[PDB]
Amino acid sequence: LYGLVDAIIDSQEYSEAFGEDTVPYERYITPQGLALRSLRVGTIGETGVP
Amino acid sequence: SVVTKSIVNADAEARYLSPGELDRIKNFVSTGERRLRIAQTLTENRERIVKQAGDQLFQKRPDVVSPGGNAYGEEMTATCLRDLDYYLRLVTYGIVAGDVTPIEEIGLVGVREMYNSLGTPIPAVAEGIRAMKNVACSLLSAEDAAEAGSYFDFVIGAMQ
Amino acid sequence: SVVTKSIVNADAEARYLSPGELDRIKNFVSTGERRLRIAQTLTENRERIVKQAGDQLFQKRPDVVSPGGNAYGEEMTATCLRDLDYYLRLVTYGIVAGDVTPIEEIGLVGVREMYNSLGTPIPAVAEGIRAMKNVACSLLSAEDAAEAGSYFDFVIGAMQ
Amino acid sequence: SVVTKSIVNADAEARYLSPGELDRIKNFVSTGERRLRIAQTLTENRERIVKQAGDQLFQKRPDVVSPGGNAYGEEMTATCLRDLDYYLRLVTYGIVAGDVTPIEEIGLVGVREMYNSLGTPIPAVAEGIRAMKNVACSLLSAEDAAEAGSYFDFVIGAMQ
Amino acid sequence: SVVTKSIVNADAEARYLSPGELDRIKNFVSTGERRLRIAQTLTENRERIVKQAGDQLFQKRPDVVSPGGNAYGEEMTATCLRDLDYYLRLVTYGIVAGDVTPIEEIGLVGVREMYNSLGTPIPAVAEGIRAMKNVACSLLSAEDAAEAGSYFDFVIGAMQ
Amino acid sequence: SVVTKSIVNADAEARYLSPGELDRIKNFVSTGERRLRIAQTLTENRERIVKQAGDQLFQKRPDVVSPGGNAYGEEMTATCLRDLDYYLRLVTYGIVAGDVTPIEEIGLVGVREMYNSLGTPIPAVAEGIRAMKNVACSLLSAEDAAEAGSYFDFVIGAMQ
Amino acid sequence: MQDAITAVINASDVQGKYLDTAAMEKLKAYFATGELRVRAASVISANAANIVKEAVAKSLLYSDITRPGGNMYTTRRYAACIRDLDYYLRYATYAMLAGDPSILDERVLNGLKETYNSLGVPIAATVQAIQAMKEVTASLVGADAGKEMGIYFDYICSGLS
Amino acid sequence: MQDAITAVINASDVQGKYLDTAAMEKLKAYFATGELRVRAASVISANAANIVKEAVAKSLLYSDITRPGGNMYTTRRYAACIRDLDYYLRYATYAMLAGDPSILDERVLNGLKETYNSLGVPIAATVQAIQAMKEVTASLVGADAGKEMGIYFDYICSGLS
Amino acid sequence: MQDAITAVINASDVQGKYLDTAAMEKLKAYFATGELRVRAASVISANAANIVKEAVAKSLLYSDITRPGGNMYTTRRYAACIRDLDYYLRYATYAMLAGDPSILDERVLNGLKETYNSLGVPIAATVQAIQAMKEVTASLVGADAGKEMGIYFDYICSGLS
Amino acid sequence: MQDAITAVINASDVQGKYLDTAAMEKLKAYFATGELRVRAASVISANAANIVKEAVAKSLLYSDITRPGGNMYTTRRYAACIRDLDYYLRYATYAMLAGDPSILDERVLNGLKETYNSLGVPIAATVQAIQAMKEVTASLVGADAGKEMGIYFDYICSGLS
Amino acid sequence: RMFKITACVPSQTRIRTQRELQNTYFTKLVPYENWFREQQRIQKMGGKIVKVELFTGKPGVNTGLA
Amino acid sequence: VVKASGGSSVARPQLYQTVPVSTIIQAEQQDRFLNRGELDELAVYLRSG
Amino acid sequence: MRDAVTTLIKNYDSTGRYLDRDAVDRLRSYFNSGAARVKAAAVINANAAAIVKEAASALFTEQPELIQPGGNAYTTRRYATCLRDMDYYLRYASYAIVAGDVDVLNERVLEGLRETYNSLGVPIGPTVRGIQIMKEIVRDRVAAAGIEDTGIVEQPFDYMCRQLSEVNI
Ligand SMILES: *[C@H](C)[C@H]1/C(=C/c2[nH]c(/C=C3N=C(/C=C4\NC(=O)C(CC)=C4C)C(C)=C\3CCC(=O)O)c(CCC(=O)O)c2C)NC(=O)[C@@H]1C
Ligand SMILES: *[C@H](C)[C@H]1/C(=C/c2[nH]c(/C=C3N=C(/C=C4\NC(=O)C(CC)=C4C)C(C)=C\3CCC(=O)O)c(CCC(=O)O)c2C)NC(=O)[C@@H]1C
Ligand SMILES: *[C@H](C)[C@H]1/C(=C/c2[nH]c(/C=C3N=C(/C=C4\NC(=O)C(CC)=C4C)C(C)=C\3CCC(=O)O)c(CCC(=O)O)c2C)NC(=O)[C@@H]1C
Ligand SMILES: *[C@H](C)[C@H]1/C(=C/c2[nH]c(/C=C3N=C(/C=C4\NC(=O)C(CC)=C4C)C(C)=C\3CCC(=O)O)c(CCC(=O)O)c2C)NC(=O)[C@@H]1C
Ligand SMILES: *[C@H](C)[C@H]1/C(=C/c2[nH]c(/C=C3N=C(/C=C4\NC(=O)C(CC)=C4C)C(C)=C\3CCC(=O)O)c(CCC(=O)O)c2C)NC(=O)[C@@H]1C
Ligand SMILES: *[C@H](C)[C@H]1/C(=C/c2[nH]c(/C=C3N=C(/C=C4\NC(=O)C(CC)=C4C)C(C)=C\3CCC(=O)O)c(CCC(=O)O)c2C)NC(=O)[C@@H]1C
């Protein structure tokens, strides 16, 4: 775990996004995570048919 | 347990169990007989331990049994004694395991959150467990009481 | 030492030493006499162990002393025996300490890298240390040798 | 291929293949006929290359063919010669592809782990490929041999 | 329930509920208040019903409660009474549901297997439920008793 | 297609394609050029075919485009003509294929369901397709038109 | 399936307690709702085809779903989609009668999301379509039972999501 | 991303044998088509913005999609749509250079249907716009390359549908 | 992550009972076998690389699996396979120390079959190799401890198969 | 499914060697215990019902498992639980007769955790019951057969764990 | 052993509004193990640390230094 | 691009039949403890051997 | 299950396009080569047994380990099943040569093949080599029969080999 954690946090992507001053934040989601959030009644709105 | 804590550290470091950790497990499996004997005495005397320690808790902290206190009334006092019984059961588990992690997993993690929600005063509960330690020390031999007292001490320290 | 490792680990969590770690250092204190005795007898036989185990290493692996082997020439054979002696010195340090922290820091971290730069075969070193383990076990008392074998096992496991 | 290596490094930056990369592919496809000839010659002479290079490797590093080495006996020695054949084949694939990508993915990734877990001296493997490079220089024209030598050099570079 | 029975059958036929079945559930909802009243009186007098009917069961078949019978001794005879209490509770569930469905799930499936393996005589169990049916008939009005009689009858028929 | 029908039947047999089946598809690929020409005449003249078939539909069945009808309106009549266009496109697919299964896959499996949902007279749709057949037969020669009529008439038969 | 009666009795059965007076109040409420529910079920039963027709018109038709390559294109797939919408209507009406969404969970929702994602069915269009069915059904069966049908329609939407 | 050359050498490697003369024939064929492939890639790269501009104008602009509620309405969504058209063009060009649809399968089409169906993107319209890009690209690179760029564009459309 | 001691106390905890005398007997059994378990664990630690090497030689080398086209053929695949065998042996050793295959459940077998089926790894060949590792381990640690290691290797095989 | 003879023959067959003397010794041991195995199997067949009765009474009965909501509460669940104990006894008898655990792995342990985890069946309680069955069976069949049947009961216990 | 160093890291010119003073001048505590990564970051910045010190009293112990 | 079919679980076909397996196999498939006569048939084989 | 004609129709239908001149050109190519494809499939069907026998013997001489006791074809039970797999490949490949499209191979042969072989223990690499050996034998036979373009006959076998093989990039 310690090696994997340092690999992730030392990765070029952690420095490119989140830098070394920023708390990490959710930058991407898989499409079935967007399915859960965004297609419940109340969040779908008009998304899906004209 | 000692075995599970050693495995957890080794697992998180991708390491066949180190010789020192193996030695710790060796000592623990040998002392097993004494561990189980100590647990047997404590569970056999659980009624006496809880009763005497509960008297001590109420005597040392009258406010908990005074009106406006958490354990006011027979039923509330009964639940307080049941909590003391729970913690004794956890201490017996910890003694057998040789590690405090069974106590931590069951009843010690988030204890501040739970008791703060219930309205119970955490330091007063710690007083009760301290009283249980005194009663158990009287019921145990000196060599036994030192080991069992350490588990009581962790409980009161985490719940301090 | 075990105490030093335990204190550092507790410092990281900002916790006073837990009951289990207190027990571990208590046992280290208790077994100190046996630790010093084991170190003294192995130190008495330090030259004998290294030399005869080196003979066993060469006997098992003829390629070590064959042309193209790193230990070619009397001077290089001396260097190989010296490496065996270095690890025995570290093992006695570790037995005294009760912890592998000395063994790790002095002579195990980066052993693959150092020997790769030198051209030495680490697997051949592993066989040599295995021979040292058997020789030291024979010279050491059988009950004590069981504990010492675990630390030799750690060294050979790290080699790869 | 040089095509996929260009595409991959451009895909990373999310660009259409830049004019320099397109020019590189243009040159590679134009000289593909020469590349196929070079691989044809090495393929035709593969038996001689492996035999001569194997003899040279064993002569320079007799320890591997001595007892206690990876290749002792005709069974193990035959498998070592087959591995040398493998790497010749991968070099032919590399010449035709125009990049080290076939070499890398098929047989340079995890070489340390595989051969270490087989009990084989990786520096000796590197020298074996060096011997094959010399034999290939004999069997190729000077301008062609320089290009094929690059792929042999990449194999030895990852090996050692 | 009547609702579940209709919906299960119609779902298997892939058909919106037939007009007659819709009328059937309409009648069930009108009759529901009477069903709830019947359950209310039986559950309010549950202690009377179980106690006196259990006395009748043991009186009618003393061999069952004699030494060597399944309900031999204070503990076992108490559990037999508890089984009678269980079946009264299930009968109240059936009365409210308006169909045997709840009783034919919670009990009455594999009762032969459970009891026959348990050692008990299932005809004797049936006699006990018959006694409960008689007591319930005394506690119920004539038309109300007929429906509750139907559910008790289903239980005893399953027992036989 | 003829080829897929032959392959499917042969595969169900679990025997290689029969010589007779092979000769049948030899005929199919021989007449492919004629099939492609017939398809291209219909495709290139699709605009005129649809418009004249629309005139015949909206005069032979004036009710459907009258007020209250399915096609009443500047846009509703446009969608109806699009449907005629859809079926002409399917017919060209079938003419190329030599079988009606492309037509039947893309339409005519559930046309009754779809049009019953959309509240359309499927006899009127059938008469529209018959108008398409009449218009197309005059854009083809008599020998060719007989082939086209087969694919225009399977559609109408399915429309009923 | 558990209807409201079966759910109440099974909840009591798990504890081991006879039907309590509070549980009796739950059952009495279901019996009170029984008439309006049965009436609404008959309304949907006769007007089922019209509900699907109106909903497919309101949402699904004349969109990218029915244009070539849109998944509802082809008469086979248009027939399949109206079949699925009638599945939802039938099971939603079952749920209105029973009073509990366990029919939806058991017979519809479990596994449907995986099959739909495997077949490529657009899931947003399905949710919009069944919400359109809710609007039509509210009109036909009236607001009071339209309140009720909405609970189960929303259950299906959430399960598919 | 397997190209023609990487695929040929991989197949020979799986069999284990050195490169055969027949494999050399296949490799020679790909080398022969290298000139048209590289030339077309250069043309596409230079004119990429214009390819997409013409395709958007031909198919998507001044329709319902680009008008309120159409999924290309919001400025965010318009920019995202043109970015997606750039995706398809770029990876089709990669595929043409490689001579292999593996890059399309591996990076472009994997879960594309699921992402689009989750976002609410009309997949029918995306197919039509990719066809418009196919026609514009065919004009720009000529019949030689347009035939091949056609097969890779149609690969995308078949998967996306 | 339950060892035998933790499992015994956890069952007692769920029931809400202080440790029973029968539970004490089970704990005594674990403590009784502890010495042989620890000794075998240290032996496996010393011979960890050799156990895997011997198992690969005994079951996988000079076979279809490692010859070209066999899924262990390429060097990256060989390194991956021995890494997995190392993983199996390490978690089997953890399981022997703990006395419980729960670690194998949580840390190895909770998704392993799906990953192997997806990757294309031959389950039967891996099972052969794990069985060979059982034989080698039994020889190295002694037969008495070999029976204990055998049950955990069998647990891996049952879950993987 | 493999009996000990099948396993021995197949191992020899893969190696290609004729049946070696060590293999003969393994087979001879199986044949020698044949009378004991058959005798014990008949004892199991006669006393199987009471073996289950005693084991359930020993551990599962008068416990939280039989309390309401305890997962052997319902009469359905009780009947099924005693059936499953019958299954374990029956397949343990098969495993003893064959002399190899392959019956257990092929038929009993290739769906056991899936079924029990899906149903919610408490694995710990089943393990206690099977251990109790082992003790009762050992008493009825004697020590020699108690050892043999015991290893197969242990196989099922560890597999369930 | 953690080494504390003060570095006037060369201006990255990455600040528009925002703020760059904190990045421009840095006083930090760096583990000796992680000091190599810190030096690499200083190379990217372009400015060497003006002052470098180590908290631990002695630089090297061959054994049990930890 | 060739999508799979469910999941591959190791399948063990029976290379050959023997009397032990055959008797046990039929008993298992008819869900009955090895019938006394069939048990005696296996015992004939086992007393032999 | 799609022929070349059915495949072109399927693509165009999904896109809603009347068959244009490009579609007609590719359809014409299939129709023109259809006669040669029929002759080639007839050759394979006529010599189907002989091709299987020759390919099997060549494969086992190339890879003796299969026939040895360790291999999967060792006993005659597996030898029969292995020959049947060779027959499967030739039969479906002849179907694919008639069809002119490898969708037949994809849908009925290759899908699930790796799962089945991993579960049964069948080695995939030798099977790929056996398919290749069939490819060379078949190409020789059709070339002798007079089919000038053997690209039609080799490509289905090549597709089977590529899908059945791993990546080995
Ligand atoms: C014309 C001859 C008759 C007629 C038809 C009519 N149809 C519609 C609407 C639709 N028709 C279809 C048909 C198809 N979908 C397919 O995939 C195929 C096969 C490729 C076919 C034939 C569809 C999907 C619709 C819905 C709208 C859409 O396309 O999205 C209408 C309009 C109906 C309305 O009120 O909405 C009409 C009028 N009407 C006539 O009068 C003729 C007899
Ligand atoms: C006017 C100040 C300048 C200008 C603009 C111009 N715009 C277009 C075409 C389009 N503009 C949009 C813009 C939006 N879509 C949105 O959703 C929003 C936010 C709500 C905006 C601002 C779009 C989508 C189009 C495409 C056409 C369409 O709407 O379908 C044009 C026409 C360009 C053409 O060639 O088609 C013009 C001329 N032109 C000027 O000279 C001004 C500087
Ligand atoms: C030769 C230069 C050295 C050497 C080698 C040696 N190799 C083996 C056995 C194997 N080698 C491999 C290697 C590869 N597999 C690959 O796919 C590739 C790239 C395409 C490579 C390089 C493998 C897989 C094996 C074993 C299995 C097999 O059948 O191939 C051995 C035998 C090991 C043993 O103990 O059995 C040896 C000895 N030996 C030397 O002395 C040289 C320095
Ligand atoms: C070895 C006996 C057999 C074999 C295996 C093989 N495995 C992989 C790759 C992976 N293996 C795993 C397995 C695990 N992940 C875990 O977390 C655990 C528990 C600790 C296990 C066992 C995983 C996740 C991978 C994926 C990594 C990846 O990206 O590959 C390969 C590599 C496949 C490849 O193409 O690179 C192989 C070859 N192969 C054999 O031939 C043996 C029979
Ligand atoms: C009484 C009329 C007869 C009788 C019964 C008897 N039963 C038991 C023990 C048990 N009975 C049950 C029954 C049920 N469990 C259920 O879930 C349900 C449905 C809700 C029923 C009816 C169970 C589970 C037990 C086991 C103990 C337990 O409850 O955990 C006994 C005791 C048996 C023993 O010796 O162990 C008896 C005696 N006995 C009679 O004589 C009557 C004819
Ligand atoms: C008894 C010790 C514990 C227990 C068991 C329990 N089991 C079930 C149901 C099933 N059990 C199985 C298991 C098997 N099926 C087999 O064919 C074999 C041999 C090859 C086994 C071991 C299966 C498949 C089921 C479900 C299907 C069925 O009902 O038969 C239940 C029922 C759960 C339910 O309500 O659906 C129970 C209760 N219960 C306990 O409390 C014990 C700890």
# chains A, B, ... in the order shown; residues from 1 in each chain; ligands from 1
call {"tool": "residues_around", "arguments": {"residues": "residue 19 of chain G", "least_positions_apart": "2", "cutoff": "12 Å", "atoms": "only C-alpha atoms", "output": "MDAnalysis selection string"}}
result
(chainID E and resid 36:44 46 88:97) or (chainID G and resid 5:17 21:27)
call {"tool": "residues_near_ligand", "arguments": {"ligand": "ligand 1", "cutoff": "6 Å", "atoms": "only C-alpha atoms and all ligand atoms", "output": "PyMOL selection string"}}
result
(chain F and resi 64-65+70-71+76+79-81+83-84+86+106-107+118+120-121+124-125+128) or (chain G and resi 61-63+66+73-75)
call {"tool": "residues_around", "arguments": {"residues": "segment 2-6 of chain M", "least_positions_apart": "5", "cutoff": "9 Å", "atoms": "only C-alpha atoms", "output": "MDAnalysis selection string"}}
result
(chainID F and resid 1 3:4 93 96:97 102) or (chainID M and resid 11 26:27 30:31 96 98:104)
call {"tool": "closest_residue", "arguments": {"among": "M:106, M:32, M:75, M:7", "to": "chain J", "atoms": "only C-alpha atoms"}}
result
M:75
call {"tool": "calpha_fit_and_write", "arguments": {"fixed": "chain J", "moving": "chain G", "output": "CSV table (one decimal) with C-alpha atoms, in the first residue's frame"}}
result
chain,number,residue,atom,x,y,z
G,1,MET,CA,-15.0,-37.7,-9.7
G,2,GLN,CA,-11.7,-39.5,-9.2
G,3,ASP,CA,-11.5,-42.3,-6.7
G,4,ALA,CA,-8.1,-43.3,-5.4
G,5,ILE,CA,-7.7,-45.8,-8.2
G,6,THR,CA,-8.6,-43.3,-10.9
G,7,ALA,CA,-6.4,-40.6,-9.3
G,8,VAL,CA,-3.4,-43.0,-9.2
G,9,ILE,CA,-3.9,-44.1,-12.8
G,10,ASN,CA,-4.5,-40.5,-14.1
G,11,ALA,CA,-1.4,-39.2,-12.3
G,12,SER,CA,0.6,-41.9,-14.1
G,13,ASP,CA,-1.2,-41.2,-17.3
G,14,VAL,CA,-0.3,-37.5,-17.3
G,15,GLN,CA,3.4,-38.4,-17.1
G,16,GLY,CA,2.7,-41.1,-19.7
G,17,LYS,CA,4.2,-43.9,-17.6
G,18,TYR,CA,2.8,-47.4,-17.0
G,19,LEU,CA,1.7,-48.0,-13.4
G,20,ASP,CA,4.9,-48.0,-11.3
G,21,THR,CA,5.6,-50.2,-8.3
G,22,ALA,CA,5.2,-47.2,-6.0
G,23,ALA,CA,1.8,-46.4,-7.6
G,24,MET,CA,1.0,-50.1,-7.0
G,25,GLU,CA,1.7,-49.6,-3.3
G,26,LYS,CA,-0.8,-46.6,-3.3
G,27,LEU,CA,-3.4,-48.8,-4.9
G,28,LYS,CA,-2.7,-51.7,-2.6
G,29,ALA,CA,-3.3,-49.3,0.4
G,30,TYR,CA,-6.7,-48.3,-1.0
G,31,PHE,CA,-7.6,-51.9,-1.5
G,32,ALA,CA,-6.6,-52.7,2.1
G,33,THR,CA,-8.8,-49.8,3.4
G,34,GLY,CA,-11.7,-51.1,1.3
G,35,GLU,CA,-13.4,-53.3,3.9
G,36,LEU,CA,-13.5,-50.8,6.7
G,37,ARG,CA,-14.7,-48.1,4.3
G,38,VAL,CA,-17.6,-50.2,2.9
G,39,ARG,CA,-18.6,-51.2,6.3
G,40,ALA,CA,-18.7,-47.6,7.5
G,41,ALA,CA,-20.6,-46.5,4.4
G,42,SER,CA,-23.4,-49.0,5.3
G,43,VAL,CA,-23.4,-47.8,8.8
G,44,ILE,CA,-23.9,-44.2,7.7
G,45,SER,CA,-26.5,-45.3,5.1
G,46,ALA,CA,-28.8,-46.8,7.7
G,47,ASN,CA,-28.2,-44.1,10.4
G,48,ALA,CA,-28.2,-41.0,8.1
G,49,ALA,CA,-31.4,-39.5,9.5
G,50,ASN,CA,-30.2,-40.1,13.1
G,51,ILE,CA,-26.9,-38.4,12.4
G,52,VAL,CA,-28.6,-35.3,11.0
G,53,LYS,CA,-31.1,-35.3,13.9
G,54,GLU,CA,-28.4,-35.5,16.6
G,55,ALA,CA,-26.2,-32.9,14.9
G,56,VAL,CA,-29.0,-30.4,14.5
G,57,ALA,CA,-29.9,-30.9,18.1
G,58,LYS,CA,-26.3,-30.6,19.3
G,59,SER,CA,-25.5,-27.3,17.5
G,60,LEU,CA,-28.3,-25.7,15.5
G,61,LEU,CA,-31.4,-26.0,17.6
G,62,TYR,CA,-32.3,-23.8,20.6
G,63,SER,CA,-30.2,-20.9,19.3
G,64,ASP,CA,-30.7,-17.6,17.5
G,65,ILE,CA,-30.8,-19.5,14.2
G,66,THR,CA,-34.2,-21.0,14.9
G,67,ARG,CA,-35.7,-18.0,16.7
G,68,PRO,CA,-37.9,-15.7,14.5
G,69,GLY,CA,-35.7,-13.9,12.0
G,70,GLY,CA,-32.8,-16.2,12.4
G,71,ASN,CA,-32.7,-17.9,9.0
G,72,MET,CA,-33.6,-21.4,10.1
G,73,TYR,CA,-36.9,-20.1,11.5
G,74,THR,CA,-40.0,-20.9,9.4
G,75,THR,CA,-40.7,-24.6,8.7
G,76,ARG,CA,-39.6,-24.1,5.1
G,77,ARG,CA,-36.1,-23.1,6.2
G,78,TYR,CA,-35.8,-25.7,8.9
G,79,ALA,CA,-36.6,-28.3,6.3
G,80,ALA,CA,-34.1,-26.7,3.9
G,81,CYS,CA,-31.3,-26.7,6.4
G,82,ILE,CA,-31.8,-30.4,7.3
G,83,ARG,CA,-31.8,-31.1,3.6
G,84,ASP,CA,-28.5,-29.4,3.2
G,85,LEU,CA,-26.9,-31.3,6.1
G,86,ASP,CA,-28.0,-34.5,4.5
G,87,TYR,CA,-26.4,-33.4,1.3
G,88,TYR,CA,-23.1,-33.0,3.1
G,89,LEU,CA,-23.5,-36.4,4.8
G,90,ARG,CA,-24.2,-38.2,1.6
G,91,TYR,CA,-21.4,-36.6,-0.4
G,92,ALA,CA,-19.0,-37.1,2.6
G,93,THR,CA,-19.8,-40.8,2.6
G,94,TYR,CA,-19.3,-41.0,-1.1
G,95,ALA,CA,-15.9,-39.4,-0.5
G,96,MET,CA,-15.1,-42.0,2.2
G,97,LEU,CA,-15.9,-44.8,-0.3
G,98,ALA,CA,-13.9,-43.3,-3.2
G,99,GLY,CA,-11.0,-42.2,-1.0
G,100,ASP,CA,-10.6,-38.9,-2.7
G,101,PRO,CA,-12.1,-35.5,-2.0
G,102,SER,CA,-12.8,-34.7,-5.7
G,103,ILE,CA,-16.5,-35.6,-5.2
G,104,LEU,CA,-16.8,-32.9,-2.6
G,105,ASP,CA,-14.9,-30.4,-4.8
G,106,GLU,CA,-17.0,-31.2,-7.9
G,107,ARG,CA,-20.5,-31.8,-6.6
G,108,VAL,CA,-20.6,-29.7,-3.4
G,109,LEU,CA,-18.0,-27.0,-2.8
G,110,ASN,CA,-17.7,-25.2,-6.2
G,111,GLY,CA,-20.1,-22.4,-6.1
G,112,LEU,CA,-21.8,-23.2,-2.8
G,113,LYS,CA,-20.1,-20.4,-0.9
G,114,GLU,CA,-21.4,-17.9,-3.4
G,115,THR,CA,-25.0,-19.3,-3.3
G,116,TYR,CA,-24.9,-19.4,0.5
G,117,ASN,CA,-23.7,-15.8,0.8
G,118,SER,CA,-26.3,-14.7,-1.7
G,119,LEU,CA,-29.2,-16.5,0.1
G,120,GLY,CA,-27.9,-15.2,3.5
G,121,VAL,CA,-27.2,-18.7,5.0
G,122,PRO,CA,-25.0,-18.2,8.1
G,123,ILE,CA,-21.7,-19.9,7.2
G,124,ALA,CA,-20.3,-20.2,10.7
G,125,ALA,CA,-23.4,-22.2,11.8
G,126,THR,CA,-23.0,-24.5,8.8
G,127,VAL,CA,-19.4,-25.2,9.7
G,128,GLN,CA,-20.3,-25.8,13.4
G,129,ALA,CA,-23.2,-28.1,12.3
G,130,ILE,CA,-21.1,-30.3,10.0
G,131,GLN,CA,-18.4,-30.5,12.7
G,132,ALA,CA,-21.2,-31.7,15.0
G,133,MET,CA,-22.1,-34.3,12.3
G,134,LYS,CA,-18.4,-35.4,12.4
G,135,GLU,CA,-18.7,-36.0,16.2
G,136,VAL,CA,-21.9,-38.1,15.7
G,137,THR,CA,-20.5,-40.0,12.8
G,138,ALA,CA,-17.3,-40.8,14.7
G,139,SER,CA,-19.4,-42.4,17.4
G,140,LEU,CA,-21.5,-44.5,15.0
G,141,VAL,CA,-18.9,-45.7,12.5
G,142,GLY,CA,-16.0,-46.1,15.0
G,143,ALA,CA,-12.8,-44.2,15.5
G,144,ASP,CA,-10.8,-45.8,12.6
G,145,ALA,CA,-13.3,-44.8,9.9
G,146,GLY,CA,-14.2,-41.7,12.0
G,147,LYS,CA,-10.6,-40.7,11.3
G,148,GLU,CA,-11.5,-41.1,7.6
G,149,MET,CA,-14.8,-39.3,7.6
G,150,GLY,CA,-13.2,-36.4,9.4
G,151,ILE,CA,-10.9,-35.7,6.5
G,152,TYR,CA,-13.8,-35.2,4.1
G,153,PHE,CA,-16.0,-33.3,6.6
G,154,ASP,CA,-13.0,-30.9,7.2
G,155,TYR,CA,-12.7,-30.6,3.4
G,156,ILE,CA,-16.3,-29.3,3.3
G,157,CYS,CA,-15.7,-26.9,6.2
G,158,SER,CA,-12.7,-25.4,4.5
G,159,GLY,CA,-14.5,-25.0,1.2
G,160,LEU,CA,-17.4,-23.3,2.8
G,161,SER,CA,-15.2,-21.0,4.8
call {"tool": "residues_around", "arguments": {"residues": "residue 52 of chain M", "least_positions_apart": "6", "cutoff": "12 Å", "atoms": "only C-alpha atoms", "output": "ChimeraX atom specification"}}
result
/M:44-46,58-59,80,82-91,130-138
call {"tool": "write_last_selection", "arguments": {"atoms": "C-alpha atoms", "output": "short mmCIF file (atom, residue, chain, number, x, y, z; two decimals), in the first residue's frame"}}
result
data_model
loop_
_atom_site.label_atom_id
_atom_site.label_comp_id
_atom_site.auth_asym_id
_atom_site.auth_seq_id
_atom_site.Cartn_x
_atom_site.Cartn_y
_atom_site.Cartn_z
CA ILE M 44 -12.32 -27.77 -50.18
CA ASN M 45 -15.59 -29.69 -49.84
CA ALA M 46 -14.39 -32.41 -52.21
CA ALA M 58 1.87 -32.02 -40.42
CA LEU M 59 0.87 -30.37 -37.13
CA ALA M 80 -10.76 -37.98 -32.41
CA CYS M 82 -9.00 -32.87 -32.11
CA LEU M 83 -9.57 -34.12 -35.65
CA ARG M 84 -13.17 -33.01 -35.27
CA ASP M 85 -12.00 -29.49 -34.41
CA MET M 86 -9.89 -29.50 -37.56
CA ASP M 87 -13.01 -30.51 -39.47
CA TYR M 88 -14.94 -27.70 -37.77
CA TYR M 89 -12.42 -25.10 -38.91
CA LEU M 90 -12.36 -26.34 -42.50
CA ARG M 91 -16.16 -26.54 -42.68
CA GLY M 130 -3.09 -26.33 -37.18
CA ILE M 131 -5.39 -23.76 -38.75
CA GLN M 132 -2.39 -22.20 -40.49
CA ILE M 133 -1.36 -25.61 -41.82
CA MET M 134 -4.86 -26.05 -43.21
CA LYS M 135 -4.51 -22.62 -44.81
CA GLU M 136 -1.35 -23.60 -46.68
CA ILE M 137 -2.71 -27.00 -47.76
CA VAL M 138 -5.99 -25.45 -48.94
#
